[PDB]
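Data first, discussion second: the structure below is written as structure tokens.
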Amino acid sequence: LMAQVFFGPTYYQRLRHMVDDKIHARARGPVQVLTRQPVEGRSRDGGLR
DNA sequence: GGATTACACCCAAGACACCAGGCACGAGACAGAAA
């Protein structure tokens, strides 16, 4: 490489936010009883606002 | 006095008519009583 590279060990930490705990998709599913709109929440297979 | 103060998303945790008191149906036990 034409440019030299800064290089060495550094202390890194893994945070709790992982993509597989955030990915969510919905085509159709449960709806609220009062308004008949998609429910809220990824855990409940909800929709996006 | 009244009304309103960004958007979206995640998760977890604790509460949601309880109750008590007066009225009914059925039953059964221990004591009455003739023999």
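FYI, nothing fancy with the structure tokens labels: chains A, B, ... in order, residues from 1 per chain, ligands from 1 as they appear.
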
Residues of chain A within 12 Å of chain B, counting only C-alpha atoms (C1' of nucleotides) - could you list those as a PyMOL selection string? chain A and resi 16-18+21-24+40-43+47-49

Kindly export the residues of the current selection with C-alpha atoms, as a PDB file, in the first residue's frame.
```pdb
ATOM      1  CA  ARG A  16     -26.602  -5.240  23.215  1.00  0.00           C
ATOM      2  CA  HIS A  17     -28.129  -3.927  19.976  1.00  0.00           C
ATOM      3  CA  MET A  18     -27.972  -6.683  17.365  1.00  0.00           C
ATOM      4  CA  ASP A  21     -33.284  -8.409  17.477  1.00  0.00           C
ATOM      5  CA  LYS A  22     -34.451  -5.451  15.369  1.00  0.00           C
ATOM      6  CA  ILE A  23     -35.345  -6.833  11.926  1.00  0.00           C
ATOM      7  CA  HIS A  24     -39.102  -6.944  11.428  1.00  0.00           C
ATOM      8  CA  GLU A  40     -48.061  -2.152  17.910  1.00  0.00           C
ATOM      9  CA  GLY A  41     -44.825  -4.013  18.508  1.00  0.00           C
ATOM     10  CA  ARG A  42     -42.295  -6.245  16.796  1.00  0.00           C
ATOM     11  CA  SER A  43     -42.959  -8.996  19.340  1.00  0.00           C
ATOM     12  CA  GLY A  47     -47.231  -2.750  11.907  1.00  0.00           C
ATOM     13  CA  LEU A  48     -45.220   0.393  11.311  1.00  0.00           C
ATOM     14  CA  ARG A  49     -46.630   3.862  11.839  1.00  0.00           C
TER      15      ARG A  49
END
```
